[PDB]
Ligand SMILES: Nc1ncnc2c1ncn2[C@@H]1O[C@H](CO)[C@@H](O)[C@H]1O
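Given as structure tokens, the chain that follows is alone and in the form deposited without ligand ADN.
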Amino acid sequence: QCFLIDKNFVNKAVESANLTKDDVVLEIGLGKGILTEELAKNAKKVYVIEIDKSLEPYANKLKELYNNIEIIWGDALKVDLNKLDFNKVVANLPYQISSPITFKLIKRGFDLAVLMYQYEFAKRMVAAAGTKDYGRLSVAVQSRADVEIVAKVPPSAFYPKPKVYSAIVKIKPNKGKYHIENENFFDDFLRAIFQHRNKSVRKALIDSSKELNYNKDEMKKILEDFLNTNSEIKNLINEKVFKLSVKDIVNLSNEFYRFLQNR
């Protein structure tokens, strides 16, 4: 367990969270309680989900100094987040949970999150369309939130020292920006096309047709018909998957869903 030890990075994360005494913050992981303390000082209340009960002395000591901290002993991927009244999330995440926690939180909804990830994961999250790091994760996050790397975080900021850099990432959910017709279908669509990221969307969809529950022949014919609906679609589906913008992937998937819902 690599604890964040550098108060300067704590400070950067907290500043980016733009906290006031009307905000309620979820923190994933107690660590040494340095981040927890800064959250408690600045927010209305902080929930801390922590799995390691050996860390309780840190919690007990904090609760002597602050009346607005609630510890939840358990697994952040198991805890029902719907039952908690937070509007912001600020955390040094356990890195293994990076992906499922991010989507679980976005699904739940929040005003703003400021979260530490491993650097390579963060780069993928924020990657611009058509670049080497751009992939399914990039589109899955950016279609739902504005994201940016606030700062790189060196190993020396943690103890024990990790093998790689981390990055503080700010996430601001934005439902309106892209407008997804059907979440299940969009997820299926993203999975299908990014299984062949250097192929045209058309070819990726045919190869991965079973991900959308069509056979390859059905899909080929579907796509021929779909392509005939307007010229924009033709040009989109002929382009390489990884070269499409987030806007264009969302629009394309929306139009495709509607087209298929015609049976």
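Residues carry their position along the shown sequence, with the first being 1.
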Residue range whose averaged C-alpha B-factor is higher in the record, 132-140 or 176-184: 176-184
Entry-reported Cα temperature factor of residue 42, expressed as the chain third it lands in: middle
Residue 31, C-alpha B-factor rank within chain (lowest, middle or highest third): highest
Assigned third (lowest, middle, highest) for the C-alpha B factor of residue 170: middle
Chain thirds of CA B-factor: placement of residue 221: lowest
Among modelled residues of the same chain, the CA temperature factor third for residue 50: lowest
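Beyond what is shown, the protein has a form solved in complex with ligand ADN; the following relates to that form.
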Sole residue of 155, 100, 74, 130 within 4.5 Å of ligand ADN in the deposited bound form, by heavy atom: 74
Candidate from 212, 222, 55, 233 lying within 4.5 Å of ligand ADN in the deposited bound form - any heavy atom: 55
Interface segment, criterion being heavy atoms within 4.5 Å of ligand ADN in the deposited bound form, picked from 63-71, 223-231, 199-207, 24-32: 24-32
Heavy atom of residue 92 within 4.5 Å of ligand ADN in the deposited bound form: yes
Proximity of residue 40 to ligand ADN in the deposited bound form, heavy atoms at 4.5 Å: no
Heavy atom of residue 59 within 4.5 Å of ligand ADN in the deposited bound form: no
Heavy atom of residue 49 within 4.5 Å of ligand ADN in the deposited bound form: yes
Sequence-ordered list of residues in 1-27 near ligand ADN in the deposited bound form, where near means a heavy atom within 4.5 Å: 2, 3
